[PDB]
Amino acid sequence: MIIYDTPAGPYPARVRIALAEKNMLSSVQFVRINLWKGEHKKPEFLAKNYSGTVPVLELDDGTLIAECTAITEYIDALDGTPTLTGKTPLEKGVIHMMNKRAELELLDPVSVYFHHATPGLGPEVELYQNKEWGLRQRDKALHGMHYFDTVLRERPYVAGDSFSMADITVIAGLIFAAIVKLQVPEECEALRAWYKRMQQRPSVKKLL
């Protein structure tokens, strides 16, 4: 398997964490895409991924699987025992809900804030920027932190009693938040504690 990514990207982190979690890092050849050079916006990479983002998985037969959620679903089901994406119908549903909600309310908006209301990847890569939109996404992400704090006052992991794809998305959300110095509010005690715990997981600790 090939993963096209940048090693320190927060979305890439979602797949790298999931790979470690599945003891599969050794099954993967990582190929560097230089986002700083806008390599992801040029025809060669766009042929690997219409949406122009990393990571993207390429299988031995050339099948391309793009999107963190889809890659995770692929690698989680491979060894026949899913430990990230759910076994029962309720688990699959709640994990996908929380995974998507973490994208919507935390990770995606931090990333839109990076690209739109900061220099981001630089003026040659960020050809269009909407600062007003980017700033509102910053605020959305802050609300997201408060939302995930309320979740974590009631359960030990984002989707319930077990570690899942959803924790990985929030972790990636907080990694991005650190990149842009969007501070987790002091009063977000449950989110802070959970994150410290997450940073103790081998998969996460090695990466950071």
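Residue numbers here begin at 1 and follow the sequence given.
Which has higher Cα B-factors on average according to the PDB entry: 7-15 or 194-202? Result: 194-202.
Quick one: say whether 103-111 or 124-132 has the higher mean Cα B-factor in the deposited entry. The stretch with the larger average C-alpha B-factor is 124-132.
Tell me which of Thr53, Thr69, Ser27, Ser164 tops the list for C-alpha B factor in the record. Checking the PDB record, the top C-alpha B-factor among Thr53, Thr69, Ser27, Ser164 is at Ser27.
Among the modelled residues of this chain, does the Cα B factor of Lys140 put it in the lowest, middle or highest third? Lowest third - that is where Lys140 ends up once the chain's C-alpha B-factors are sorted.
Ordered by C-alpha B-factor within the chain, which third holds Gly173? Give me lowest, middle or highest, please. For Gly173, the deposited C-alpha B-factor lands in the lowest third.
Chain thirds of CA B-factor: placement of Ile33: According to the entry, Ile33 has a C-alpha B-factor in the chain's highest third.
Compare the C-alpha B factor of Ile95 with those of the other modelled residues in its chain, then answer lowest, middle or highest third. Lowest third of the chain for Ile95's C-alpha B-factor.
For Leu59, return the chain-relative third of its C-alpha B-factor as stated in the PDB record: lowest, middle or highest. Tercile = highest for this residue's CA B-factor.
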